[PDB]
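This report concerns only the one structure given below.
Note: hydrogens, waters and symmetry copies are ignored here, and every other heavy atom, side chains too, is used. Chain identifiers are assigned alphabetically (A, B, ...) following the order of the sequence lines, protein sequences preceding nucleic acid strands; residue numbering begins at 1 within each chain.
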Protein chains: 4
Amino acid sequence: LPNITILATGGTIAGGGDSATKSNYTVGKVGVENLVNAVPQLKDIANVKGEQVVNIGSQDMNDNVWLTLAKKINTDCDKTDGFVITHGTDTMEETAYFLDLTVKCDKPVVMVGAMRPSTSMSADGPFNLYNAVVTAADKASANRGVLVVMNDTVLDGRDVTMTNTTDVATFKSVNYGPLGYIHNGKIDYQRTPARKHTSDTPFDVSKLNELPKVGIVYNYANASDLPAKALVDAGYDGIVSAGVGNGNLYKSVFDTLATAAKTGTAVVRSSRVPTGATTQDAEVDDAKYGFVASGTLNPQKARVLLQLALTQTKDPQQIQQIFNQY
Amino acid sequence: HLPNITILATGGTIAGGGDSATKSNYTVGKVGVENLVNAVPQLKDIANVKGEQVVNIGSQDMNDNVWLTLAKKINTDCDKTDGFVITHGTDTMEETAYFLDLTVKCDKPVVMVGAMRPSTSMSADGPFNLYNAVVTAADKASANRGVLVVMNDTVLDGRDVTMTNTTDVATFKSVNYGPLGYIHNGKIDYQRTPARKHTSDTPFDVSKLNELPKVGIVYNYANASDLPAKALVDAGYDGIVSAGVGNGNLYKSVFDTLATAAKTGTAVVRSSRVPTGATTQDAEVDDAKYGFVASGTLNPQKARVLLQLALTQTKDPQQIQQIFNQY
Amino acid sequence: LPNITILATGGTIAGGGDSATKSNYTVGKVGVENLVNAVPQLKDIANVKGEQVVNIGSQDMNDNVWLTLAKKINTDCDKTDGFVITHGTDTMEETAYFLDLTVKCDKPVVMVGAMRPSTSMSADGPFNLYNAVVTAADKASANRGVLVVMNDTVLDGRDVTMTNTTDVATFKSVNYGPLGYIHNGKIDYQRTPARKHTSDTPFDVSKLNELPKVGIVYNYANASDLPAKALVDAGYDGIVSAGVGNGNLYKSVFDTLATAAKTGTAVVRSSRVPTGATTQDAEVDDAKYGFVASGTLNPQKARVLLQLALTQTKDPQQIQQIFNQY
Amino acid sequence: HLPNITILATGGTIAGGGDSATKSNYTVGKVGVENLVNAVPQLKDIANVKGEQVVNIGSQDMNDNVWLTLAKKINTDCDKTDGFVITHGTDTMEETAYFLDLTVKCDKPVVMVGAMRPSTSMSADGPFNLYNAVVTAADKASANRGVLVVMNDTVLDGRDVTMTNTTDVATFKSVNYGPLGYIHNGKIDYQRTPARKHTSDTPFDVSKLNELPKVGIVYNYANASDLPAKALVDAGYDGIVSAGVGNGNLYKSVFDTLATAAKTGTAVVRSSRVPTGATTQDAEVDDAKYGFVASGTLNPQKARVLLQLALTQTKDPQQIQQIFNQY
């Protein structure tokens, strides 16, 4: 049996309600030890070692946790055959993409969560954990980048996102589809992500204890410029725009971000629309404003890649080339 | 013997052009309503069409003043026509549609339409979209359904309709509760109507209003700044909508700022950046303890529309939560 | 607390394998009392009684069980406040539509199953059954036709279909959307079906012991006319065509069906395409041939309505009017 | 300095038309490949296009003869051109695409295209679909991805592509594993390629083949007749595909007819009427005991293509299962 390390961070998968009958819950109260021997069947497919990194709801995920995870994985790579990270669902898709760019281990790294409390009727977390361990154990999972395993599906860390606030089936790679499906402890892989990931990216966080400051502003009818201005006034390194339609900006936001970009703030146009690329060549002259188009990266994904691009360059053309390769 | 249909034009890519039929480049102010209407001569087989230019903007620059002008016009002119079609940019068409759905007192058909391809592009979607919009507005079965959006041969209620994709001609969907009807051969089979209260069944009356309460939206993500939320509180915003993570959760620092603002009277609505599903009561956030409101299926930009209108009526969070359960 | 009757028919919800972590299972050997006390929380929301009607896999569902179920619901309507029917997934969409057309009882009738057997890790059956009893107990559920409740969702019996072979979230109302979502035992209903159902249909099976014979033929490139001919030779009352695209037929199948319709066989054009109407006024002049256009009914749903239509009329124009109203 | 691109025309609504732009009615494959081309002058900006008419039929009448003809012509003319577009009806485009995906030995781009609206209708999709199909066939990056379908600005692999909606312009989706890339402003960002073996990586050779093994499809449902199954068996079909219920299950009487056929030599594949997901092994059916093959993600019309070609190599059920695990 392969050795698999579980790195725990908290989440609904470690968290419970007063009741199985009721929807209410508190996040990340169970330790990884307790999580693992609640699924005795993991012992049939791996030798599982648990380590607790942090124990938070993922709605409070942060750069320090990210840097701890990436360095822990890169250091401990030769000690184990694969990793599974137990994590809250709310921001699993951001951590997954961060790790997808910063992990240099080409062994399987699999993230997993639960949409129901571990005390709830028909709790999803047990079988999710089991399938995550199946994926991390499968020799075919290597060299695919950092993965998310939810609802019997293996999803790439770059495309995966949430489709629904509560559904057990919420995690989907909404633009390019999944990599494979898990049935009876076996995976039929038919896809791998063509974007460069893991050991094929320049991003190296081994000596970083903080990341560039990147905030996200929303566009909508009558949008205030005050959020954008607040990030500019604090000296943020970059701003991501959650654009309306194909990455478009409300006029007051457009003005503020055009000004910021002139003074060297990196600006990435993404979209609040859940699927499709924010393209070049549409209504915005990105060349002229010094903006970057996010492509299929949603706002929170574009934040991950922009924070990391800014560790290598402040140059908008070079950042755009980063957004075309990773 | 054909219905009288008014077109209220606001601009949008439907009225927009670039220099090549086969390059994506375009701008939005290009074609007036007269020229828009005359380019689809098949309209005169189904309706007597009159066109009025209300504004001419990209809907990325839609704003409270345009909403108020459109509601008051539709309400004032209800008796002069059999139905209304509004040409509009796609980017914020879902927000305008919900604003009209809550403030229009006319129960004749109001249908919104736009185009995901410019008028000059090969296989331009705007002509057939506008034709189907006029079909919808002329169908007496369209009445009493609220304000509608018609795109890609589908009839969508103004509450649930939203964009699913940045560029796809099929992007407009009612992602939580489905469409009202599909259009085939100029006929509609309706199998649904929205249960939530709309148009003449709301208390929202903008007839005397010249501005709306100030509501901002803040995004949640890992390591989110509280600076956007703090800037809105410092500017005296009447309400703030949180685009939460998962089931409407907030990053700790955002949470701390909004819990403080709610104590001082700021209306706070928790919604979700996740494109489908309710932001529910009775999950991780004790809304009754902080004075917060859960948005239900209303996404952040929709939640903004209803909160602005709620704040014309009340400042009490229990009353705003009741509005969010009924409209 | 309301009185809820569980009419059990078998299915995966009552199905079991040899391991929590192997996909193998069988149906048809586990009784309703086992399901009811796998969900002790039911006692918090209802006074439940279980009756075993049959114990089958729904792949073997048939006209006799349909007739049994409609009669029993219609007969026992006064004895309870609502019904839940436990049922296999595979043909749940057929039974739900039959009962939507034939039940005259004014109380909630809710169907439920499970995509994982009762023995699996993270079995979906217990919370589905709890949510189905919440649904049947909800006064707001009345007057909405026969319902299916799967994965925290209330689906109408006409539109509901399977979208995926294995996904717990497979059940969707793919053309018109769900009626309501369930969270913390509460439903927010925002829709009701416009098509006529239950006590508003002329279908009455109270004394029928069989149903007219209606079979389904599939269309594809180089399709054999031998399936269609085998139904015609056997004197079938009706044939449903799973059409290509918008209800189209391969030349040989069309010829066999145009002939059958001239002898008085009823022919409904439906589509193998899983969403969208088979329309009138496309490539097939239905009036010229004596054919009926299924609208949004998929082939197996079209068979349900065609069987019931033939209990009243053999007339093509009258059958089309039934396909326009139910 | 432009690629040479060959258009092979087969008919389909992308060629012919209704009496009207306003009305839904139409007749299929009445325009020659030549109308098609001249109808899109911008093709000359991106390629040197030459058209040949192979057949001129509605794709609801696609057949084994057209498949053989197409595969042989593409394998013959591979050396003469830089890539192929095939204009085809929508209705069975997904079966011809998998067929060519398994039989074409040319690793130059082969892209299939159609139109969900008649050539004569308002906002016809056929022109820009054809532009995009030519863009795909011209893009050096499209080589070695197997046979493609290009519809609604999306590049789809031949194996997974299928119809999702009877009439929507956006009906074509790779419903299990997603598209290979999206087309904007005439450029494609490929992020995927299919891992299943195709074109020159398959043993299927139709070059000397004037017919295919007989494979029929049977439908399952509540109270399913065994008479369709019995009929194909009586006619000594080489293969039967079951469109099963749920995860490839069969009605008792169909099960028993197909069990009996498999024990005497007939190749039996369980597929599913359910539009997504695999028909798996190790569910309710002991496939090894009955001599059945599980179709995986192949829907019944797709499973028929693969079973016919497998039967040109082998009759052995464990060998057909190996082909169903590999292509």
Side-chain angles (χ1 to χ4, degrees), chain B residues 1-17 26-59 61-63 65-93 96-97 99-101 103-104 106-121 124-140 142-143 147-152 155 158 172 183 186, chain D residues 21-22 122-123:
Chain B
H1 175 82
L2 298 164
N4 298 339
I5 300 298
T6 304
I7 301 164
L8 306 180
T10 73
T13 308
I14 193 163
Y26 75 83
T27 327
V28 284
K30 307 231 175 183
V31 189
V33 66
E34 180 57 279
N35 280 163
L36 228 221
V37 163
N38 284 174
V40 191
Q42 292 92 168
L43 294 180
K44 36 261 261 288
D45 310 337
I46 56 166
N48 299 307
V49 170
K50 275 185 185 334
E52 287 184 62
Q53 200 70 51
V54 177
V55 285
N56 182 29
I57 62 182
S59 74
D61 298 336
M62 192 57 46
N63 74 63
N65 295 139
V66 180
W67 294 345
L68 285 170
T69 300
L70 284 173
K72 293 169 175 171
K73 181 140 199 61
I74 287 165
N75 284 346
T76 301
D77 295 339
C78 187
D79 289 7
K80 306 172 178 59
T81 190
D82 307 316
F84 292 98
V85 169
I86 308 169
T87 58
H88 190 294
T90 52
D91 297 354
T92 64
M93 180 160 51
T96 314
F99 178 84
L100 297 178
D101 200 25
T103 59
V104 164
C106 187
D107 274 308
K108 306 176 189 190
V110 183
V111 177
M112 298 197 73
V113 60
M116 293 298 286
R117 295 176 182 153
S119 73
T120 45
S121 55
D125 61 320
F128 191 54
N129 287 340
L130 175 57
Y131 185 82
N132 281 336
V134 180
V135 173
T136 307
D139 177 356
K140 279 158 63 103
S142 305
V147 167
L148 306 169
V149 168
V150 174
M151 291 291 287
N152 199 39
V155 189
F172 285 90
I183 313 178
Chain D
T22 214
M122 302 172 71
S123 290

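Looking at every heavy atom in both residues, B:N152 comes nearest to B:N129 through N-OD1, 3.3 Å. Smallest separation of non-hydrogen atoms from B:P127 and D:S123: CD-OG, 3.6 Å. Shortest non-hydrogen contact noted between B:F84 and B:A137 is O-CB, 3.9 Å. When all heavy atoms of B:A138 and B:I46 are compared, the closest pair comes out as CB-O, 4.4 Å. Shown here for B:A143 and B:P109, the closest heavy-atom pair between the two residues is N-CG, 3.9 Å.
Distance alone, capped at 3.5 Å, is enough to place a donor-acceptor pair between the B:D82 side chain and the B:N4 backbone. The backbone N or O of B:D91 sits less than 3.5 Å from a side-chain atom of B:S59, completing a donor-acceptor pair. Side chain of B:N48 to backbone of B:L2: a donor-acceptor contact under 3.5 angstrom is found. Formation of a donor-acceptor pair under 3.5 Å by the B:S142 side chain with backbone atoms of B:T136 is found in this model.
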Full working for side chain to side chain contact (heavy atoms under 4.5 Å, CB included) between B:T69 and B:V55 | CA-CA 10 Å; B:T69 300; B:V55 285; over 6 Å; no
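With values rounded to the nearest 0.5 angstrom, B:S121 atom OG is found 11.5 Å from B:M116 atom CE. Distance CD1/B:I14 to OG1/B:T87: 6.0 Å, rounded to 0.5 Å. If you take CD on B:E52 and CG on B:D77, they are separated by 6.0 Å, rounding to the nearest 0.5 Å. Atom OG1 of B:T10 and atom CH2 of B:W67 lie 12.0 Å apart (nearest 0.5 Å). Between the CE atom in B:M112 and the CZ atom in B:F172 there is a gap of 9.0 Å [rounded to 0.5 Å]. To the nearest 0.5 angstrom, B:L70 atom CG is 7.0 Å from B:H88 atom NE2.
Between B:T6 and B:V85, the closest side-chain pair of non-hydrogen atoms is not below 4.5 Å. B:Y131 places a side-chain heavy atom less than 4.5 Å from the side chain of B:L43. Side-chain contact check for B:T13 versus B:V28: some heavy-atom pair is nearer than 4.5 Å. Residues B:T96 and B:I86 form no side-chain contact, since every pair of their non-hydrogen atoms from C-beta on lies 4.5 Å or further apart. By the 4.5 Å heavy-atom criterion applied to side chains, B:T90 and B:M151 are counted as neighbours.
No side-chain donor-acceptor contact under 3.5 Å links B:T120 and B:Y26.
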